[PDB]
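Engineer: please find the sequence and an experimentally derived structure below.
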Amino acid sequence: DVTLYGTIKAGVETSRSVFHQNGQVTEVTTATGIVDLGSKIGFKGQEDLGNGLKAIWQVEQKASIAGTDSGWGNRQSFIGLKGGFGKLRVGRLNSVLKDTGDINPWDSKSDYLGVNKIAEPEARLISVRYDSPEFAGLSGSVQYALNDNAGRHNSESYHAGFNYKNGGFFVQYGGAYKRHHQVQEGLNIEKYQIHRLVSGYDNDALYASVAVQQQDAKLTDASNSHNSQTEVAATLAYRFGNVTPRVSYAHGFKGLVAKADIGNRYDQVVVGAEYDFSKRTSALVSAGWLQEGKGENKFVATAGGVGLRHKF
Amino acid sequence: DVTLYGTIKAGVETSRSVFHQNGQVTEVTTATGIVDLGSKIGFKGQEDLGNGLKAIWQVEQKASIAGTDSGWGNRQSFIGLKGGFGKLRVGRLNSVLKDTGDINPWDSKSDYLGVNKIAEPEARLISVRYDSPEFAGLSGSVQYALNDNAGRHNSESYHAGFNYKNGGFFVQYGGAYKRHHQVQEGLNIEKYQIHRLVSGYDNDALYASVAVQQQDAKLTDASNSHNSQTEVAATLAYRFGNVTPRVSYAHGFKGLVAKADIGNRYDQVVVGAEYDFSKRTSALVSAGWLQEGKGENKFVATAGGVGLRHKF
Amino acid sequence: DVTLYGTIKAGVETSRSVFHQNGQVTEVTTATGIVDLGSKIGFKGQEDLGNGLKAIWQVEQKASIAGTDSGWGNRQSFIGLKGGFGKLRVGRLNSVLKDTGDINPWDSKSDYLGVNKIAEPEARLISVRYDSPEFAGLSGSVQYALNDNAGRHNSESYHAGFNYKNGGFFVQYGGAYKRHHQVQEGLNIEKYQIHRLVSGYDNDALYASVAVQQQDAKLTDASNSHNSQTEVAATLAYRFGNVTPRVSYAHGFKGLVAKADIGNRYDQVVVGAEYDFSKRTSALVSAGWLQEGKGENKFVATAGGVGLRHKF
């Protein structure tokens, strides 16, 4: 069983970013560009080893149709075993966090055409992951990333999650703890933990999801100042034949973060539709609004885009 | 429909470059090396979407057998749609220019073993391209590359071309306009335009081609000095069973270019033969001469090479 | 004939390195990490050209499951022809040396979990290689790497080897000569030659091998000081059903090398077992000890590891 698979997706996006600083406009920048929406190519396989035991492997790469990427195995890549005991994998693996929701189902490159801000702590990392068998809707996962694989200024990290599925209803949890975390521009953070909870309903013609996410850590400053951030995101989609409109809203609460991201409070909505020419090929259109102000020092972004997506 | 394809081609080249500066020899350099002639590997597919409509995609990479290249999609890569209306593609795409002739059919790495100088403004770039259906020999193409995709010192660019084909006879035109163009070592240029016209006869046992190319631009110097260059290239090939000798001649007229390329006037001839072991596998041999002097400050290059090429 | 193939292999290794400097411990460092053991993906093909003649090609890349590698064709990649006359290849090719033994059959990333030190002069390089047909157990190889392909501070190099095989018994020889060789940190060397001889017995259930390796060169210092190094390695394996324990010992003699590698004298043993779930999938475990001291300034390393390997 050796399979070549991938997703090719690209389109065009335009956007406009406005800083109001109580004087109305202080800055206006625009952007209009053809962009890749995250095209990828992978190789994978499995082998039946008998007694229900299986070998599994995958080597998956970024393959932007812009021709900008390079690297083998820089997307999710692993080897492992799977059988009655569950599934054990090693390699460059999604964090449990990254697998908890499909919290950002938008194919977009602009940060205003998807629910990107809440998705940002998601990552792949070199680690070991155990995924349990499913028993009556319930499964779980534990994952560990060693201190040596993390680098000089990054500690080991612990990851856990559980999932429940019954019919179209689901709830997923995922969390992580990290002793030392490098922030590249600013002061680093310690005792970082993130927790995410998602619940919704998923099937044909009806998709709904709501997610809340909490991050906490201590700043490596003169006082070990606590930092925290809370974010919620909800999306709703409904399929009419070949067309599926969806809408997303996300909100970031005013949180104690040193970074100038920072996050300050934000609100965003993304709106759009997919048109399916087939089960593998879809056209995409979307539009988005984001405000990171208070009403006074507003940052207002608008954007729109169209795209094409093909799976194979 | 998911296809893996490619061209593997390599050989060995030797060359000798002589600067005469009215004293006869001022410099003599030589080069003898095993070289890759542009090996490549790609993935592509299409899907019938019904009503004669189709999804198309390709991800194509450099894959030198020297093992020097890296990158996904750094050759022609795209997604698009094709149907009765014609063909629309987006991604890293050949400029119309690059598709107008097969002006340099030589597989070579040395600049003296192919018609390389005239081919140099050819490129791939991130853009949108529309290719029309063919009606009684006639088709056309328009292509646009956005200012944001081009970089900070490069403007948007416009590309157009038309083709005519009837039996073995063809004529192809291709042009481009670019408001701002960065030249890396020298002063940048503005209002750059290039036009190329090619006509010839192509089939089994008889290939002939002649091409003329004109470039014009304004120099970003103290006076907006006009710059221009004109070049012609002709090649002739004839197949005797398994062997196909061909010869090329190219001439660059003495043109107003600031660059020390510059181009000054040049003449070159390339001579060679392909031997086909099969429809996919060919042996290659070639030899070349180039003079970039006036007769006084001559630069004289000679070269030879042998190679092997396999398509799959 | 177009084939996609590869080896995916990864596991976890722990090690501990101790410097004794007559005071007992001066330094103790440890390392525990998930690691890729040299995963790779390749494309290859051949075409029957008639009369027993064949075209052959391969493009093979590193593809670490850590996601750290990049490059096409950065493992063994070539094009060539094969027929009654033998086999002729061009491209990035194993040196004859690298093909003489399977002197280090350990999949390991730590230098203490394989016979790595003796294997270090092995390399791939851009070159031409001729491999003879086999006549009554005997074959040979000659290989040449041009001065231009080698770089500015590296000369051309000559490679030769012969092989004998009869039943499970083999003897292999491989050597190389290199006029100028750059050493990156230290003084460069000249008139470098390496010779390796390996003999052993190989089949089902019984593998034995012994190898001796000699290197000589002149140092580009004030006196053209001679430098030399001698190393021996032996390994023994026996298969019991699905399990195959093996052991290796290697010794480096006290040799005249300027480098602080340097090599000083060393002894090492590696011990381990492969468990085969199938002909393509194997679990691995190993442990290793190395001493680079004299008894006084000892460097003592221990290590252990477990891994999984799948071929396709």
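Structural biologist: Arrived safely. Numbers count the residues shown, from 1 in each chain, chains lettered A, B, ... in the order given.

Engineer: ok, and the closest non-adjacent residue to the residue in the stretch 151-300 of chain A positioned nearest to chain C?
Structural biologist: The nearest approach of the stretch 151-300 of chain A to chain C comes at residue A:156, 10.0 Å away (C-beta to the nearest C-beta). The C-beta positions use only the backbone N, C-alpha and C, and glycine is treated the same way. Closest residue to residue A:156 apart from its sequence neighbours, by C-beta to C-beta, 6 or more residues apart in numbering or on different chains: residue A:147 at 4.2 Å.

Engineer: for residue A:7, see how far away the one you found is.
Structural biologist: 34 Å (C-beta to C-beta, to the nearest Å).

Engineer: now residue A:118
Structural biologist: Counting by C-beta to C-beta, the gap from residue A:118 to residue A:7 is 22 Å.

Engineer: tell me which of these two has more neighbours.
Structural biologist: residue A:118 (25 against 18; other C-beta atoms under 10 Å in any protein chain shown).

Engineer: that older thread, neighbours of the residue nearest to residue A:156, just the number please.
Structural biologist: For residue A:147, using other C-beta under 10 Å, the count is 15.

Engineer: for it, give me its contacts.
Structural biologist: A:154-156, C:32 (C-beta atoms under 8 Å, 6 or more residues apart in numbering or on different chains).

Engineer: please redo it, this time with the cut-off set to 10 Å
Structural biologist: Neighbour list for residue A:147: A:154-157, A:179-180, C:32-33 [criterion: C-beta atoms under 10 Å, 6 or more residues apart in numbering or on different chains].

Engineer: before we move on, what about residue A:279?
Structural biologist: Contacts of residue A:279 (C-beta under 10 Å, 6+ apart): A:311, B:47.

Engineer: how far away is it from residue B:83?
Structural biologist: Following C-beta to C-beta, the distance that separates residue A:279 from residue B:83 is 19 Å.

Engineer: and the strands in the stretch 51-200 of chain A?
Structural biologist: A:53-62, A:77-83, A:86-94, A:124-131, A:138-145, A:157-166, A:169-181, A:189-203 (DSSP state E, counting those that start in this stretch).

Engineer: dump those into TSV; add mean neighbour count as well.
Structural biologist: Shown next, in TSV, are the strands of the stretch 51-200 of chain A (neighbours: other C-beta atoms under 10 Å in any protein chain shown):
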stretch	mean neighbour count
strand A:53-62	22
strand A:77-83	22
strand A:86-94	22
strand A:124-131	20
strand A:138-145	18
strand A:157-166	18
strand A:169-181	18
strand A:189-203	17
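
Engineer: compare these and report which one is nearest to chain B.
Structural biologist: strand A:53-62 (6.2 Å).

Engineer: relative to the closest one, what are the paired strands and their orientations?
Structural biologist: strand A:40-50 (antiparallel), strand A:77-83 (antiparallel) (DSSP bridges).

Engineer: now do the shortest one and strand A:124-131, the angle between them.
Structural biologist: Note on geometry: by axes from the mean of the first three to the mean of the last three C-alpha atoms, to 10 degrees, strand A:77-83 and strand A:124-131 are set 0 degrees apart in direction.

Engineer: go on, the longest one?
Structural biologist: Going by the same axes, to 10 degrees, strand A:40-50 is angled at 30 degrees with respect to strand A:124-131.

Engineer: how about the helices in the stretch 201-312 of chain A?
Structural biologist: Here the stretch 201-312 of chain A has no helices by DSSP state H, counting those that start in this stretch.

Engineer: in it, which spans are strands?
Structural biologist: Going by DSSP E, counting those that start in this stretch, the stretch 201-312 of chain A shows strands at A:206-219, A:226-237, A:243-252, A:266-276, A:281-291, A:299-311.

Engineer: number of nearby residues for residue A:111?
Structural biologist: 17.

Engineer: tell me, what residue is most central in chain A?
Structural biologist: Nearest residue to the geometric centre of chain A (C-alpha atoms, centre = their mean): residue A:119, 4.1 Å.

Engineer: ok, residue A:157 touching residue A:142?
Structural biologist: No: contact criterion C-beta atoms under 10 Å: residue A:157 and residue A:142 do not qualify, at 11.9 Å.

Engineer: in space, what's closest to residue A:76 - neighbours in sequence excluded?
Structural biologist: Nearest non-adjacent residue to residue A:76 (C-beta to C-beta, 6+ apart): residue A:60, at 5.3 Å.

Engineer: only alpha carbons, please: show the lengthiest strand in chain A as PDB.
Structural biologist: For chain A, the strand with the greatest residue count under DSSP state E is strand A:2-20. Taking C-alpha atoms only, strand A:2-20 is exported to PDB below (Å, rounded to 0.1, in the frame of the first residue of the first chain):
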ATOM      1  CA  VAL A   2       2.000   3.000  -1.300                       C
ATOM      2  CA  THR A   3      -0.100   6.100  -2.000                       C
ATOM      3  CA  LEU A   4       0.600   9.500  -3.500                       C
ATOM      4  CA  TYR A   5      -1.900  12.100  -2.400                       C
ATOM      5  CA  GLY A   6      -2.200  15.900  -2.100                       C
ATOM      6  CA  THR A   7      -4.200  19.100  -2.200                       C
ATOM      7  CA  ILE A   8      -3.600  21.800  -4.700                       C
ATOM      8  CA  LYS A   9      -5.200  25.100  -3.800                       C
ATOM      9  CA  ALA A  10      -4.700  28.700  -4.900                       C
ATOM     10  CA  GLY A  11      -6.500  31.900  -5.700                       C
ATOM     11  CA  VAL A  12      -6.400  35.600  -5.500                       C
ATOM     12  CA  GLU A  13      -6.800  37.900  -2.400                       C
ATOM     13  CA  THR A  14      -7.200  41.600  -1.900                       C
ATOM     14  CA  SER A  15      -7.300  43.300   1.400                       C
ATOM     15  CA  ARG A  16      -7.200  46.800   3.000                       C
ATOM     16  CA  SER A  17      -5.800  47.600   6.400                       C
ATOM     17  CA  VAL A  18      -6.700  50.900   8.200                       C
ATOM     18  CA  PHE A  19      -5.200  52.400  11.300                       C
ATOM     19  CA  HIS A  20      -7.500  55.000  13.000                       C
END
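
Engineer: strand partners of it, parallel vs antiparallel please.
Structural biologist: Going by DSSP bridges, the partners of strand A:2-20 are strand A:25-36 (antiparallel), strand A:40-50 (antiparallel), strand A:299-311 (antiparallel).

Engineer: can you say which of the ones you listed is packed in most?
Structural biologist: Most buried of the strands paired with strand A:2-20 by mean neighbour count (mean count of other C-beta atoms under 10 Å in any protein chain shown) is strand A:299-311; its value is a mean of 20.

Engineer: tilt between that strand and strand A:281-291?
Structural biologist: Using the same axes, to 10 degrees: strand A:299-311 against strand A:281-291 is 170 degrees.

Engineer: so strand A:299-311 versus strand A:266-276, what angle?
Structural biologist: 30 degrees.

Engineer: gap between residue A:285 and residue B:82?
Structural biologist: 20 Å.

Engineer: one more: residue A:25?
Structural biologist: With C-beta to C-beta as the criterion, residue A:25 and residue B:82 are 44 Å apart.

Engineer: with residue A:194 instead?
Structural biologist: From residue A:194 to residue B:82 the distance is 45 Å (C-beta to C-beta).

Engineer: what do you get for residue A:237?
Structural biologist: Per C-beta to C-beta, residue A:237 is found 29 Å from residue B:82.

Engineer: then residue A:160?
Structural biologist: In terms of C-beta to C-beta, residue A:160 sits 48 Å off from residue B:82.

Engineer: what's the answer for residue A:117, then?
Structural biologist: 37 Å.

Engineer: go on, residue A:279?
Structural biologist: 19 Å.

Engineer: and for residue A:275?
Structural biologist: The value you get for residue A:275 to residue B:82, if C-beta to C-beta is used, is 17 Å.
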